[PDB]
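Shown next, in structure tokens, is the structure this report addresses.
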Amino acid sequence: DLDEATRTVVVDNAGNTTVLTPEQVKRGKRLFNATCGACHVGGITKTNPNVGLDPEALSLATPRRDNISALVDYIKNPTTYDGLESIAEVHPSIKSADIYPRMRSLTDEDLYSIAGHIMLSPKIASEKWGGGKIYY
Amino acid sequence: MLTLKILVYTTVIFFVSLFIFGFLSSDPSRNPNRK
Amino acid sequence: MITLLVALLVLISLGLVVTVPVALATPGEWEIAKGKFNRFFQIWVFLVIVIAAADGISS
Amino acid sequence: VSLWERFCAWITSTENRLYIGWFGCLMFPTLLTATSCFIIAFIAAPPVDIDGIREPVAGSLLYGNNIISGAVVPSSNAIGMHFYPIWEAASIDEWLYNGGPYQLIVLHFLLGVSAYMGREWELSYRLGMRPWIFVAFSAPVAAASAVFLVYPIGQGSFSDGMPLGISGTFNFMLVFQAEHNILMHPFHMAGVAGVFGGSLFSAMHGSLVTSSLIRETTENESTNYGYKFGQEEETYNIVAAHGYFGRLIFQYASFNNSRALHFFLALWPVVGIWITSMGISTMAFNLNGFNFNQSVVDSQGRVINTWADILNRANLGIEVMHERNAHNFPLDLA
Amino acid sequence: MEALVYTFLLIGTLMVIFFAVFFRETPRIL
Amino acid sequence: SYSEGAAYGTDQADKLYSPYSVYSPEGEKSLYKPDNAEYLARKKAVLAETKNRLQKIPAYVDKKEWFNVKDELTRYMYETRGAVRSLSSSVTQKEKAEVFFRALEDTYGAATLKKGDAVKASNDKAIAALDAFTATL
Amino acid sequence: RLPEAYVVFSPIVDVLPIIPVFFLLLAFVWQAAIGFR
Amino acid sequence: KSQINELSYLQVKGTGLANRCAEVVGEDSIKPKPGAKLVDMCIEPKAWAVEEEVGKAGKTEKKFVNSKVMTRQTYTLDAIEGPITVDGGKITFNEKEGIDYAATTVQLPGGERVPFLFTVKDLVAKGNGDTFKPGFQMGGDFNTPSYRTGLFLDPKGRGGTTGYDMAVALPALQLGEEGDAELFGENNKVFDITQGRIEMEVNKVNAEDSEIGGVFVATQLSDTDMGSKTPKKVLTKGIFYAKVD
Amino acid sequence: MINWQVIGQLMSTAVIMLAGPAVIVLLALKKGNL
Amino acid sequence: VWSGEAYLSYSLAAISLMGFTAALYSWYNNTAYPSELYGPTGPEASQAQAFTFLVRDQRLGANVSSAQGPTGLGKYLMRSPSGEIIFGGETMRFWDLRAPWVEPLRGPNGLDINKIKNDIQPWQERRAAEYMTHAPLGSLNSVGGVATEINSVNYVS
Amino acid sequence: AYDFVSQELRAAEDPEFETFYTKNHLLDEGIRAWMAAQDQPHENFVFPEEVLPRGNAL
Amino acid sequence: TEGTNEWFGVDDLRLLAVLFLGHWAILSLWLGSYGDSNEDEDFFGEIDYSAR
Amino acid sequence: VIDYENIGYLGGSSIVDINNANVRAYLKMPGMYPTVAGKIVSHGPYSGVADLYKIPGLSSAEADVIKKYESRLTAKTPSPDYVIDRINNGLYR
Ligand code: CLA
Ligand code: CLA
Ligand code: CLA
Ligand code: CLA
Ligand code: CLA
Ligand code: CLA
Ligand SMILES: CC(C)=CCC/C(C)=C/CC/C(C)=C/CC/C(C)=C/CC/C(C)=C/CC/C(C)=C/CC/C(C)=C/CC/C(C)=C/CC/C(C)=C/CC1=CC(=O)C(C)=C(C)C1=O
Ligand SMILES: CC1=C(/C=C/C(C)=C/C=C/C(C)=C/C=C/C=C(C)/C=C/C=C(C)/C=C/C2=C(C)CCCC2(C)C)C(C)(C)CCC1
Ligand code: OEX
Ligand SMILES: [Fe+2]
């Protein structure tokens with residue numbers, strides 16, 4: 001019941017929508033829990049609960065972050081929420097990936113599926129993603 | 001408060017020494033089998 | 001050659017464990033035949049040194 | 001002849017009213033101090049800062065309590081795991097404020113119960129008995145040291161220790177449920193089977209003896225007077241109770257051996273409480289029970305609820321409400 | 001006034017524990 | 001298939017590092033390229049500030065503050081050993097670094113024992129040793 | 001994982017820590033075959 | 001001191017030394033610069049007194065009885081910063097940051113426990129002359145915040161900015177036109193700000209080390225639990241210490 | 001793509017789990033000192 | 001008792017002494033068991049949380065020393081019952097936590113407020129955020145977090 | 001046996017009096033509010049986020 | 001001063017004279033019977049029934 | 001307080017208070033969290049939106065995002081229990 005209309009996610013800042021092949025949604029979950037899910041489990045952020053992975057919260061960032069192309073942009077260059085300065089030194093990234101050993105082996109399609117998981121999960125679970133413990 | 005404290009270490013190592021020198025007092029031989 | 005000798009090292013330790021406690025729990029099988037078995041210990045120990053040699057050369 | 005030999009002869013005499021023994025040299029001074037401080041701290045003791053937030057929790061009878069709500073409050077969160085005797089407190093008023101008598105009672109309790117256990121060994125040695133009643137008493141000693149000693153160690157404070165009371169017990173059990181999920185842990189499961197099984201085989205053995213009693217009385221006097229004390233005749237037909245239970249379930253499930261029967265009554269609870277008390281111990285170090293929350297999903301990926309998800313929402317209610325002022329940060333690490 | 005009843009029930013319970021241990025009907029053979 | 005747990009290699013199309021992993025190896029098509037200059041410039045920048053954090057050492061030993069000298073060489077200088085081991089590429093470059101460490105570990109070993117000259121002596125064995133490191137490579 | 005000369009035996013090594021449990025069960029199997037005598 | 005700075009951390013901990021303010025040595029004068037900023041002002045009180053109705057021979061005038069502190073060693077203020085502005089007639093001080101509150105609880109005769117927030121928040125000191133002298137004496141008002149921030153939950157679960165607002169296990173109280181207005185005071189939680197007056201007195205200065213220190217006396221008002229009771233006047237005395245820079 | 005790992009693990013347990021009772025079964029046929 | 005089984009019950013008493021002690025090394029000690037290898041301790045992950053939100057709200061221009069907590073204590077920095085400047089919360093019980101990423105911020109008195117306002121190094125922020133998310137809180141089916149955490153992570157310390 | 005009214009009348013008038021017994025009622029408000037939304041789907045409890053009793057910072 | 005690393009909690013010098021006179025006051029009682037005995041008399045038992 | 005007026009201006013009316021709102025309330029305005037919102041919450045009582053330009057340490061870009069939402073920003077009476085928990089009131093998602 002993973003219909004291709006449900007797997008169809010927004011891909012660029014303009015608003016084009018492409019679909020995710022079924023290996024993208026499967027590797028997208030395994031990589032997200034292994035890499036990102038230590039702090040971003042279920043959409044909330046443990047170390048800074050103001051800045052979540054909500055589709056509301058990704059949209060209100062000063063660069064809009066809802067897109068797949070915008071999320072993989074954030075991974076290679078994480079600015080702040082207002083986007084003025086970089087926090088690559090403290091968030092795990094590709095630019096600052098000498099300190100974080102977890103991101104030394106990631107390809108373009110691997111970040112394409114991790115960002116696919118962050119975008120396709122509010123479409124599956126509407127209120128559980130980043131809703132905190134109220135919506136467990 | 002350092003007067004009570006003196007009184008406790010008397011009472012502890014009084015009874016602890018009765019325990020320690022109780023089983024050193026040939027305690028396996030105190031059975032109803034023999035002696 | 002290391003992958004061939006370790007595979008020969010495992011198959012001997014399969015052959016020993018099936019046969020060596022059978023050779024000991026029998027009332028006479030170890031005394032009647034151990035010079036047969038003592039070769040297989042000396043072959044088995046010799047393989048460990050050959051593999052330890054081939055590992056140090058290859059690294 | 002010597003003064004010590006005339007003292008060792010008295011202290012190990014079975015001719016005393018209560019056997020004192022060498023463990024009673026540190027059982028009786030410990031448990032009488034745990035007692036005489038408990039009666040005073042339960043009746044007349046001022047309120048105690050337990051959360052370390054200077055909100056003193058009343059626990060004694062003179063400050064408006066009863067048998068149920070009154071309790072000797074555990075020590076402060078400010079102290080935590082530190083040893084806090086009277087002489088390291090600079091006044092008794094500073095001692096009673098910060099949860100003084102919880103450490104004085106508990107530490108003299110666990111020494112006196114571990115000495116009451118060795119005392120059960122000692123008299124079995126001097127009476128000619130086979131020795132192991134004290135191994136059966138290891139099972140509540142394991143459980144007493146689990147909630148008063150081991151759980152404050154792994155959680156790092158005596159404030160998480162069990163309150164010496166009745167309503168304080170259920171504050172302990174519910175907060176332990178939200179933070180550790182004890183009901184899904186298989187060691188609380190193995191001791192619920194220990195005491196449901198224990199109360200089964202108690203009332204199952206006690207009925208089959210009382211069923212098969214031999215006629216020794218009249219219908220006017222009591223049933224119990226057909227046993228004269230110290231008699232050598234067997235007071236019940238054990239073949240009768242074996243043929244009953246041999247037909248009540250089937251033949252091969254019945255112990256004809258009364259020794260192996262009276263051993264299984266000692267095995268089942270005691271093994272069930274050894275295992276349970278090492279459930280609190282392994283959950284003292286935050287190795288919690290099972291967690292099957294969001295385990296059943298459809299092919300779309302939506303979470304299908306189970307009974308564990310309903311059980312989770314009961315745990316989330318206690319977790320967000322226990323120590324409602326003590327927390328400042330999003331995760332109860334303690 | 002209310003807690004006076006609770007104390008009397010507790011120490012009154014500890015009395016009958018005292019009498020049951022020391023003034024027990026001592027069982028005798030023959 | 002979506003909920004297959006022990007699909008070690010039939011699931012994904014790219015070769016993994018091991019069947020017991022999720023990640024792909026350190027081969028091609030990765031986004032982390034360790035030859036990049038900004039990784040070299042990050043490691044070079046901590047070596048420059050390390051000498052600047054190390055010249056403030058005698059100012060606390062001229063004073064009486066031993067708690068400030070025990071942690072000045074761990075507060076900022078924690079990131080040194082990660083860099084100076086990484087910058088050490090050639091042969092004689094590598095055995096130059098343990099001259100710097102053993103001179104640096106005696107500054108901390110003298111600050112805990114509160115020896116004033118043994119800090120000031122071994123501090124000069126450290127500035128001279130990082131001088132040997134930076135000037136070569 | 002294991003070194004490259006030893007990546008072949010990665011299934012066999014996964015079984016190996018279980019084998020000490022199999023000695024506990026080997027005692028009871030031996031007591032069954034002896035007839036518990 | 002600098003003698004305290006000689007020690008390491010493992011030698012201070014568990015000894016009760018970090019609670020105690022330093023002892024300044026000697027007396028001279030020091031002049032506050034134009035950009036002079038006070039650095040390490042610590043305040044520690046050594047005695048406490050609560051104004052009560054005292055039992056004299058025949059009279060009941062209000063006097064201070066002393067009290068024993070029960071929170072253990074958590075009373076000292078520390079790290080209090082602030083610029084020293086130079087008015088023409090009198091040198092002034094206005095504190096800016098630092099740990100400027102230390103909650104504590106003292107016990108009276110009778111068994112009454114009186115908590116109070118001991119604080120120097122928003123302090124405006126004013127003292128005679130310009131330079132710090134052994135005869136110098138400054139003081140001024142400080143604002144005491146409430147002892148509990150408004151999201152504190154009482155045993156029923158009622159706070160000023162959160163919680164319920166009615167007796168939650170007494171559901172028949174809100175019946176009728178009157179409602180529960182008989183117990184209105186225990187439902188409305190009011191954040192309270194009072195005043196306090198501290199009076200410091202420098203008596204020993206180093207100018208070669210630029211650190212001063214002397215005896216103060218502070219009076220303030222205890223807490224009320226957001227209007228639960230009448231607060232009581234609390235006097236305290238002790239010693240302070242400051243680094244004038 | 002025929003999942004060589006699981007095929008390797010399930011055979012290698014079944015070799016080892018059958019190499020234990022085969023020590024006893026070969027002794028019961030031999031009537032040795034069990 | 002000089003017999004065969006008596007020597008066995010002498011060992012079993014002493015091996016249990018070593019059994020508890022190695023089980024208490026692994027919970028508290030971060031020297032023989034480095035937190036870089038075994039993960040953060042029970043006490044260490046309680047302090048890393050309070051340090052992370054200390055860094056978080058210091059960037060919002062908040063004076064963290066004078067930040068009055070909701071109970072009236074320190075929200076971030078308070079004072080231990082021996083007098084030392086510590087972290088506040090339920091983490092006030094673990095005020096003896098001596099760890100290689102917090103000992104750069106110590107003094108004689110404790111956490112030096114001047115060193116918190118000025119010298120926080122980003123490797124300490126990368127360490128306290130790593131030790132918050134990998135706290136030693138688990139389950140038997142090996143899902144991390146609190147007892148009410150959802151099933152996404154796979155970690156027990 | 002839900003409440004001791006002498007404990008409840010006192011804790012209402014004195015907002016400082018706390019026992020272990022009144023601590024168990026606040027644990028029961030968490031059970032009565034948090035699970036009852038998913039407990040009884042027939043009754044359709046739609047609670048807002050702002051009525052559910054949370055503690056401080058949990 | 002609680003968390004000081006002092007032997008047996010002996011803070012003051014006076015507490016030592018309490019410890020030494022506690023172990024020795026019962027030791028001297030114990031030596032009145034089990035002391036001054038033959039330290040060279042053996043047995044091939046598991047348990048000795050020598051004397052009082 | 002039982003009956004506190006201006007509950008709406010705190011977080012949810014989409015017209016925020018200045019001297020009583022949490023720093024989470026300025027998260028709904030793109031551009032202000034965390035830098036520009038960090039300065040507003042940190043300093044003392046304001047009497048109007050014109051006092052937002054009196055903040056020590058403002059840029060032209062920091063005044064820019066205030067200029068966008070100056071219709072949505074408004075200032076009310078500072079009730080002193082809300083003014084304390086402006087950085088952190090113990091609310092986490
Ligand atoms: C048959 C004998 C033998 C043995 C025992 C070894 C053993 C070893 N060789 Mg080696 N080698 C051999 C023959 C042997 N080799 C031959 C014939 C040659 C060709 C001439 C080489 C050439 C060679 C090279 C070129 C190299 C090695 C290396 C090594 C070491 C690998 C570990 C390592 O990296 O060092 C680090 C050390 C350790 C990891 C310590 C491992 C030992 C620990 C303490 C375990 C022992 C515990 C205990 C004994 C076990 C309990 C048993 C108890 C029940 C009795 C290892 C100790 C390497 C080496 O030494 O590099 C440093 C290496 O580069 N070998
Ligand atoms: C005799 C039984 C007994 C025992 C075991 C204890 C035990 C204790 N009491 Mg208690 N007490 C007792 C009787 C006892 N009490 C009585 C009768 C009273 C009434 C007066 C009190 C009144 C009392 C109060 C009022 C308080 C205590 C407290 C304490 C605790 C610490 C006291 C202390 O410093 O011990 C002193 C112990 C030692 C010096 C150690 C002795 C151990 C010896 C040395 C054996 C070790 C052998 C050695 C390792 C061999 C080494 C060999 C070498 C070669 C290596 C401790 C749990 C305090 C407490 O619990 O506060 C929380 C407290 O405040 N007690
Ligand atoms: C059907 C429901 C059910 C049942 C049967 C049980 C059964 C049990 N639970 Mg459990 N539990 C349940 C539901 C249930 N649970 C639920 C729903 C929760 C979540 C709220 C829990 C949470 C929970 C916790 C948190 C704990 C248990 C524990 C236990 C065990 C208690 C046994 C015990 O402590 O005795 C052992 C005996 C003692 C502790 C007493 C020692 C007394 C000493 C020896 C002497 C005292 C002498 C006394 C002072 C004076 C004597 C008299 C005098 C006059 C002489 C038992 C296996 C406990 C456990 O796991 O074991 C520790 C425990 O801590 N449960
Ligand atoms: C409707 C009746 C009923 C039944 C059948 C059970 C059955 C069970 N409960 Mg349960 N329970 C019940 C009512 C019931 N409960 C009630 C009313 C409550 C309170 C509200 C609880 C509270 C409760 C708790 C809190 C727990 C259980 C647990 C258990 C399990 C083990 C208990 C045990 O071994 O007891 C001791 C009794 C025996 C050992 C006698 C043997 C019992 C077995 C099941 C019968 C064997 C027959 C066999 C299956 C048939 C084959 C034999 C054939 C060849 C002849 C078991 C599944 C525990 C659990 O979760 O375990 C998984 C547990 O933690 N129950
Ligand atoms: C099939 C039966 C069997 C098995 C498997 C064992 C297994 C063991 N016994 Mg043993 N034992 C048995 C029957 C058995 N026993 C019988 C019937 C008796 C007569 C009552 C004993 C009496 C006995 C004694 C008296 C002791 C053991 C010990 C041990 C342990 C040695 C390893 C160890 O301690 O590592 C852990 C220690 C290390 C890794 C450090 C190295 C230290 C060395 C190996 C200690 C060696 C101690 C040595 C075995 C004891 C001397 C026995 C000798 C006089 C015969 C091991 C668990 C010893 C022990 O400590 O465990 C309880 C011990 O003290 N056993
Ligand atoms: C079910 C069985 C079981 C298993 C699998 C383990 C497993 C483990 N135990 Mg263990 N333990 C068990 C039962 C078990 N335990 C029991 C029943 C007890 C008694 C209660 C203990 C008591 C115990 C203690 C006391 C400790 C462990 C520890 C450990 C861990 C490390 C093993 C170790 O230290 O090797 C020990 C190996 C030896 C003693 C053999 C000798 C090793 C020599 C001395 C090493 C020399 C090294 C040298 C530097 C090499 C240089 C070579 C160079 C010169 C060439 C490991 C996880 C340790 C640990 O990490 O604690 C958390 C630990 O301290 N265990
Ligand atoms: C033809 C058509 C129409 C087609 C349809 C097919 C069809 C006919 C189907 C019907 C078949 C059908 C279902 C029938 C099967 C009947 C059946 C078994 C139904 C019951 C169902 C059921 C679930 C039963 C299982 C439950 C069961 C009874 C379990 C027994 C539990 C058990 C083994 C307990 C033993 C416990 C135990 C060891 C106790 C002893 C310990 C103890 C202290 C006892 C006390 C004691 C014991 C003594 O020993 C003596 C001496 C003395 C002194 C003494 O104190
Ligand atoms: C090291 C090694 C090796 C070897 C191995 C081995 C040889 C193992 C062994 C193992 C074993 C040694 C096994 C065992 C097994 C067993 C089993 C698995 C059994 C079980 C069974 C059961 C369990 C049953 C039982 C019973 C009976 C019989 C009767 C009574 C009852 C009962 C049920 C109990 C090899 C070569 C691979 C190579 C690599 C390395
Ligand atoms: O102290 Mn008693 O309860 Ca064990 O969790 Mn953390 O700490 Mn507190 O909170 Mn929850
Ligand atoms: Fe019986």
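Labeling convention for the structure tokens: chains A, B, ... as they appear, residues from 1 per chain, ligands from 1 in order of appearance.
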**Report entry** Residues of chain G in alpha helix (DSSP H), written as a VMD selection string
**Finding:** chain G and resid 10 to 15 19 to 33
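The environment of region 1-14 of chain G within 9 Å, counting only C-alpha atoms and disregarding residues fewer than 6 places along the same chain, consists of residues 1, 2, 3, 6, 7 and 55 of chain C; 17, 18 and 20 of chain F; 5, 6, 7, 8, 9, 10, 12 and 13 of chain I.
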Deliver the residues from the most recent selection as a file, using C-alpha atoms, as a PDB file, in the first residue's frame.
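The result, written out as result30.pdb:
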```pdb
ATOM      1  CA  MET C   1      47.178 -19.394  -0.277  1.00  0.00           C
ATOM      2  CA  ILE C   2      45.987 -18.447   3.189  1.00  0.00           C
ATOM      3  CA  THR C   3      42.346 -19.072   2.245  1.00  0.00           C
ATOM      4  CA  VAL C   6      42.822 -22.293   6.711  1.00  0.00           C
ATOM      5  CA  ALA C   7      40.135 -24.226   4.844  1.00  0.00           C
ATOM      6  CA  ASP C  55      50.169 -14.094   7.251  1.00  0.00           C
TER       7      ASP C  55
ATOM      8  CA  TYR F  17      31.653  -2.703   3.506  1.00  0.00           C
ATOM      9  CA  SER F  18      30.446  -5.903   5.164  1.00  0.00           C
ATOM     10  CA  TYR F  20      26.901  -6.671   8.976  1.00  0.00           C
TER      11      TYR F  20
ATOM     12  CA  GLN I   5      25.482 -15.469   4.221  1.00  0.00           C
ATOM     13  CA  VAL I   6      22.321 -17.135   5.541  1.00  0.00           C
ATOM     14  CA  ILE I   7      23.102 -20.262   3.509  1.00  0.00           C
ATOM     15  CA  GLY I   8      26.541 -20.232   5.104  1.00  0.00           C
ATOM     16  CA  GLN I   9      25.277 -19.725   8.650  1.00  0.00           C
ATOM     17  CA  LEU I  10      22.480 -22.304   8.582  1.00  0.00           C
ATOM     18  CA  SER I  12      27.555 -24.152   9.681  1.00  0.00           C
ATOM     19  CA  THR I  13      25.259 -24.408  12.693  1.00  0.00           C
TER      20      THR I  13
END
```
Query raised in the report: Hey, which residues come within 9 Å of ligand 3 if we count only C-alpha atoms and all ligand atoms? Could you give them as a ChimeraX atom specification?
Result: /D:35,109-110,113,117,137-147,162,169-178,180-183,187-196,272-281 /E:14,17
Selection export as a CSV table (one decimal), in the first residue's frame, atoms kept: C-alpha atoms:
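Output contents, as saved in out.csv:
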```csv
chain,number,residue,atom,x,y,z
D,35,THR,CA,13.8,-0.4,65.1
D,109,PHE,CA,18.6,-2.9,58.6
D,110,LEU,CA,20.7,-4.6,55.9
D,113,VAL,CA,19.0,-8.9,58.2
D,117,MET,CA,20.3,-14.8,58.0
D,137,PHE,CA,15.9,-16.7,53.5
D,138,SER,CA,18.4,-15.4,50.9
D,139,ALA,CA,15.5,-14.7,48.6
D,140,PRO,CA,13.9,-11.8,50.6
D,141,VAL,CA,17.4,-10.7,51.6
D,142,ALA,CA,18.1,-10.4,47.8
D,143,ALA,CA,14.9,-8.4,47.4
D,144,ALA,CA,15.5,-6.2,50.4
D,145,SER,CA,18.9,-5.3,49.3
D,146,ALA,CA,17.6,-4.7,45.7
D,147,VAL,CA,15.3,-1.8,46.5
D,162,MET,CA,12.2,2.9,48.5
D,169,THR,CA,5.7,1.8,48.3
D,170,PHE,CA,3.2,2.6,45.6
D,171,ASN,CA,5.0,5.8,44.8
D,172,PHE,CA,8.0,3.5,44.3
D,173,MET,CA,6.3,0.9,42.2
D,174,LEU,CA,4.6,3.3,39.7
D,175,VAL,CA,7.6,5.5,39.1
D,176,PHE,CA,9.6,2.3,38.6
D,177,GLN,CA,7.1,1.3,36.0
D,178,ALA,CA,7.3,4.5,33.9
D,180,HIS,CA,12.0,0.9,33.6
D,181,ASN,CA,8.9,-1.0,32.3
D,182,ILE,CA,9.1,-3.8,34.9
D,183,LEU,CA,6.0,-5.6,33.8
D,187,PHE,CA,12.2,-11.4,35.8
D,188,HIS,CA,9.2,-9.8,37.3
D,189,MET,CA,7.4,-12.4,35.1
D,190,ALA,CA,9.5,-15.1,36.6
D,191,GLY,CA,8.5,-14.2,40.2
D,192,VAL,CA,4.8,-13.5,39.6
D,193,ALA,CA,5.0,-17.1,38.6
D,194,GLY,CA,7.0,-17.6,41.8
D,195,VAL,CA,4.3,-16.3,44.2
D,196,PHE,CA,1.2,-17.3,42.2
D,272,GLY,CA,11.3,-17.1,41.7
D,273,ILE,CA,12.5,-14.4,44.1
D,274,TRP,CA,16.2,-14.8,43.4
D,275,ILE,CA,15.4,-14.2,39.7
D,276,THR,CA,13.0,-11.3,40.5
D,277,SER,CA,15.5,-9.5,42.8
D,278,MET,CA,18.0,-9.7,40.0
D,279,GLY,CA,15.4,-7.9,37.9
D,280,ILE,CA,15.4,-4.8,40.0
D,281,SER,CA,19.2,-5.1,40.1
E,14,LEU,CA,3.4,-4.8,69.8
E,17,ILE,CA,3.6,-9.8,70.0
```
Query raised in the report: Please, which residues have at least one atom within 8 Å of an atom of ligand 9, using only C-alpha atoms and all ligand atoms, listed as a PyMOL selection string?
Result: (chain D and resi 50-51+77+155+157+159-161+175-176+179+319+322-323+326-327+332-334) or (chain J and resi 90)
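Those residues of chain D that fall within 8 Å of chain B when using only C-alpha atoms read residues 8, 22, 23, 25, 26, 86, 87, 88, 89, 90, 91, 125, 126, 127 and 128 of chain D.
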Please dump the current selection as a PDB file, in the first residue's frame; keep N, CA and C atoms.
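The resulting file, again-v5.pdb, is reproduced below:
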```pdb
ATOM      1  N   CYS D   8      31.939 -17.521  75.742  1.00  0.00           N
ATOM      2  CA  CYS D   8      31.609 -18.257  74.531  1.00  0.00           C
ATOM      3  C   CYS D   8      30.647 -19.394  74.811  1.00  0.00           C
ATOM      4  N   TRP D  22      26.978 -15.970  67.385  1.00  0.00           N
ATOM      5  CA  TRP D  22      27.964 -14.949  67.087  1.00  0.00           C
ATOM      6  C   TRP D  22      27.438 -13.961  66.073  1.00  0.00           C
ATOM      7  N   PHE D  23      26.439 -14.347  65.293  1.00  0.00           N
ATOM      8  CA  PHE D  23      25.817 -13.363  64.426  1.00  0.00           C
ATOM      9  C   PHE D  23      24.881 -12.452  65.183  1.00  0.00           C
ATOM     10  N   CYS D  25      25.659 -11.082  67.861  1.00  0.00           N
ATOM     11  CA  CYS D  25      26.511 -10.005  68.338  1.00  0.00           C
ATOM     12  C   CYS D  25      26.441  -8.801  67.418  1.00  0.00           C
ATOM     13  N   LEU D  26      26.134  -9.012  66.143  1.00  0.00           N
ATOM     14  CA  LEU D  26      25.847  -7.885  65.273  1.00  0.00           C
ATOM     15  C   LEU D  26      24.503  -7.994  64.566  1.00  0.00           C
ATOM     16  N   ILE D  86      25.147  11.170  61.531  1.00  0.00           N
ATOM     17  CA  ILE D  86      24.735  12.297  62.361  1.00  0.00           C
ATOM     18  C   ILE D  86      25.903  13.239  62.594  1.00  0.00           C
ATOM     19  N   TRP D  87      27.098  12.691  62.784  1.00  0.00           N
ATOM     20  CA  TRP D  87      28.243  13.526  63.105  1.00  0.00           C
ATOM     21  C   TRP D  87      28.757  14.315  61.912  1.00  0.00           C
ATOM     22  N   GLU D  88      28.357  13.959  60.695  1.00  0.00           N
ATOM     23  CA  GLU D  88      28.683  14.750  59.515  1.00  0.00           C
ATOM     24  C   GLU D  88      27.509  15.604  59.090  1.00  0.00           C
ATOM     25  N   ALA D  89      26.790  16.184  60.047  1.00  0.00           N
ATOM     26  CA  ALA D  89      25.599  16.952  59.738  1.00  0.00           C
ATOM     27  C   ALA D  89      25.488  18.284  60.459  1.00  0.00           C
ATOM     28  N   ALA D  90      26.379  18.590  61.406  1.00  0.00           N
ATOM     29  CA  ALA D  90      26.551  19.890  62.069  1.00  0.00           C
ATOM     30  C   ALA D  90      25.400  20.329  62.973  1.00  0.00           C
ATOM     31  N   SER D  91      24.291  19.588  62.979  1.00  0.00           N
ATOM     32  CA  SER D  91      23.181  19.662  63.928  1.00  0.00           C
ATOM     33  C   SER D  91      22.235  18.533  63.576  1.00  0.00           C
ATOM     34  N   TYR D 125      23.650 -25.371  62.880  1.00  0.00           N
ATOM     35  CA  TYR D 125      24.874 -26.113  63.130  1.00  0.00           C
ATOM     36  C   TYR D 125      24.892 -26.679  64.536  1.00  0.00           C
ATOM     37  N   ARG D 126      24.477 -25.893  65.520  1.00  0.00           N
ATOM     38  CA  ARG D 126      24.533 -26.348  66.897  1.00  0.00           C
ATOM     39  C   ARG D 126      23.403 -27.292  67.270  1.00  0.00           C
ATOM     40  N   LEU D 127      22.389 -27.454  66.428  1.00  0.00           N
ATOM     41  CA  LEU D 127      21.300 -28.375  66.725  1.00  0.00           C
ATOM     42  C   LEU D 127      21.390 -29.685  65.961  1.00  0.00           C
ATOM     43  N   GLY D 128      22.381 -29.855  65.104  1.00  0.00           N
ATOM     44  CA  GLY D 128      22.458 -31.055  64.307  1.00  0.00           C
ATOM     45  C   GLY D 128      21.643 -31.032  63.040  1.00  0.00           C
TER      46      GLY D 128
END
```
Report task. Give as a PyMOL selection string the residues surrounding ligand 5 up to a distance of 10 Å, considering only C-alpha atoms and all ligand atoms. Result -> chain J and resi 3-16
